[PDB]
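Here's the structure, in structure tokens; my notes come after.
Taken together, the values in this text are just the output of simple stated rules run on the coordinates, not laboratory data. Cβ: placed from backbone, ideal geometry, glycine included. Neighbour counts: every protein chain shown.
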Amino acid sequence: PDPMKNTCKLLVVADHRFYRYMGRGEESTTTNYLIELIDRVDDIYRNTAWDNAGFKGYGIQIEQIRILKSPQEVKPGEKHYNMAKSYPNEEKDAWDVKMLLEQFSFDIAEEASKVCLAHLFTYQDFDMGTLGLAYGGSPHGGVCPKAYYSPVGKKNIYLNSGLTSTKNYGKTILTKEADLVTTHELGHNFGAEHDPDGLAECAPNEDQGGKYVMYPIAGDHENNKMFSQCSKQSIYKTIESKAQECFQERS
Ligand SMILES: CC(C)C[C@@H](CC(=O)NO)C(=O)N[C@@H](C(=O)N[C@H](C)C(=O)NCCN)C(C)(C)C
Ligand SMILES: [Zn+2]
């Protein structure tokens, strides 16, 4: 592992919802939450041996935190990931999650092109227990900006993005739960797909430690905070090539 290229630097964005509800309207509370969350997730990544040997030490580090203290004003018919209203149904607490991810990607394209990954942290209750979403590890996108021409958008956006909400079913999720979400979304970014039931090694029963982080259903069990051998094989396949493409030295 090239120590000169072993860290995926992140642009972390806290929207107005996150700032208000998780940050208590304070920059310090907002940033401290995210700084600590990413550091705990980094411990999971950095300690993972992707090949089950010595290919470890790859992780994540925040390059910049953008803090949106208030909603983005929009002209009628114009949308922005940080606008006050949910989209497409303003009556719902939250956006449709796929549309929000697409929108965030569009709005931050310029910034995303300069970083390994961009991650949006929000506080809105996506329908039916959904916590987050990311590009990559889907049956394109993920670490290192990859252009996608948006015919509707008329410009390139980049697929090096994902998002986490820390609200679910009307309440703030536990910090231990939030760690798992961001770990899972970044997991997709790093190239992992959901662990399948058909592979017991990658989706153990409860007595064998439970499921791994990439299981598609949402952390008290031993395996919950770890990547399965399935996730490790997928991530390992492109990590070194992606590392040479956009990873940097750990700070
Ligand atoms: C384990 C990870 C975080 C899966 C994500 C979705 C995902 O694949 N993100 O890339 C999720 O929200 N999963 C579930 C989840 O556990 N949701 C909440 C917890 C829920 O609905 N719980 C009980 C529902 N009867 C699903 C939403 C799809 C229901
Ligand atoms: Zn997933």
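Of all residues in region 148-173, which are surrounded by 13 or more Cβ atoms within 10 Å (Cβ to Cβ) and either more than 18 Å from the chain's Cα centre (by Cα) or not polar (S, T, N, Q) (or both)? Across region 148-173, the qualifying residues are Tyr148, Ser150, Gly153, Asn156, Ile157, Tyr158, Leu159, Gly162, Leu163, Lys167, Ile173.
Checked against the criterion of being within 25 Å of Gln244 (Cα to Cα), out of contact with any helix residue (DSSP H, G or I) (no Cβ under 7 Å at 6 or more places or on another chain) and not in a strand (DSSP E or B), the candidates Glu110, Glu91 yield just one match: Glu110.
Has region 187-202 got at least one residue that is more than 20 Å from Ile35 (Cα to Cα), away from ligand 1 (no atom under 12 Å from the Cβ) and not in a loop (DSSP other than H, G, I, E, B)? Checked against the condition, which is being more than 20 Å from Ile35 (Cα to Cα), away from ligand 1 (no atom under 12 Å from the Cβ) and not in a loop (DSSP other than H, G, I, E, B), region 187-202 yields no hits at all.
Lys75 passes every criterion in (1) closer than 26 Å to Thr175 by Cα; (2) of a type in the set (D, E, K, R); (3) out of contact with any strand residue (DSSP E or B) (no Cβ under 9 Å at 6 or more places or on another chain); (4) part of a loop (DSSP other than H, G, I, E, B) apart from (1). Among the residues of this structure, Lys176 does not count as one that is more than 15 Å from ligand 2 (Cβ to nearest atom), within 28 Å of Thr7 (Cα to Cα), basic (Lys, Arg) and surrounded by 13 or more Cβ atoms within 10 Å (Cβ to Cβ).
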